[PDB]
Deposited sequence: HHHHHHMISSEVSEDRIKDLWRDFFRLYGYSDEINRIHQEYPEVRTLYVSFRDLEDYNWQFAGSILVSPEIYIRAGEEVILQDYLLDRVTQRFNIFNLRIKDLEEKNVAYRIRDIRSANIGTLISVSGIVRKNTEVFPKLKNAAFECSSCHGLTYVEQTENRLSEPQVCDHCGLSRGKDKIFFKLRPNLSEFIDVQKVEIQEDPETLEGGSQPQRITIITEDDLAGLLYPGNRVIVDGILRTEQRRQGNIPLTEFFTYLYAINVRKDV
């Protein structure tokens, strides 16, 4: 249950003394909107809960973020400004060579190490999209999670929908929230390669030659032979935490 997961986060933040840090972030939100939580603390709290985070990080991390937004930051949160990053650190004691990654790892939180070989420019990605209702001209915000734009079906202000009422929504970029994104390709230390997606506070940190360890969610991306959809995919890592060394 989502409610049960949120309840577990609520007790955790309090028990392990994160409330003070969160309240400090509160003073600087939304300019500051990231909290790092120690996996060592999570394990000490409830090792089943800790293990579940490794298996279903998107669901568990999102739940934690909701608790922070609803219970701690609410008076600084709006329909537009509702972004928060809950990140996990201190996973080093709890790792895969790039060549050892398999399909069984997809959707889970793993750690990968390598040398940075390439990076893209830092570019903006739509994160919280403002949509204007053709009827009442009110704004419905929709969080974006995919490469393709997710549009609303029903208006949050007047309750009409595209299907039954034939209304349409107009994207309003200037009223939307964007985040920085950067893709970084790493290679095994002599070798296979994998791409890491770094977003928001993690974008713009990695450069060619850097030795990195990245904790992230293993994702899949579809191969395309120009237009045509293939069943062949490749894996990439969505970064949750990044560490460098020389």
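The chain's deposited sequence has unresolved stretches at 1 to 12, 107 to 108, 205 to 212, with no C-alpha coordinates there.
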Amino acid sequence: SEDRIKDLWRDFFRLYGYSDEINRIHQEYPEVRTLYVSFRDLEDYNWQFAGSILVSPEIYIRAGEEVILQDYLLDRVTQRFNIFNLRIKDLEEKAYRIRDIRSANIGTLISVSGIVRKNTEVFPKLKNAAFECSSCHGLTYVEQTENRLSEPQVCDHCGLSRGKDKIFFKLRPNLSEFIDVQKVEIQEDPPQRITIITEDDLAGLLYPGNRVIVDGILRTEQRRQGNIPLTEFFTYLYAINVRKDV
From here on, numbers count along this sequence of modelled residues.
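With 21 to 29 and 6 to 14 compared on mean CA B-factor from the PDB entry, the stretch scoring higher is 21 to 29. As recorded in the PDB entry, 221 to 229 is the stretch of 234 to 242 and 221 to 229 with the greater mean C-alpha temperature factor.
Among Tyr141, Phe81, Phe84, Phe123, the highest C-alpha B-factor in the deposited entry belongs to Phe81.
Of all the options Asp156, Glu132, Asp100, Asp90, the entry's greatest CA B-factor is assigned to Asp156. In the PDB entry, a CA B factor belonging to the middle third of its chain's modelled residues is recorded for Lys127. Among the modelled residues of its chain, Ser56 has a C-alpha B-factor that falls in the lowest third according to the deposited record. When the modelled residues of the chain are ordered by their C-alpha B factor, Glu43 lands in the middle third. Ranked within its chain, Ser111 lands in the lowest third, by CA B factor from the PDB record. Compared with the other modelled residues of the chain, the Cα B-factor recorded for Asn105 ranks in the lowest third.
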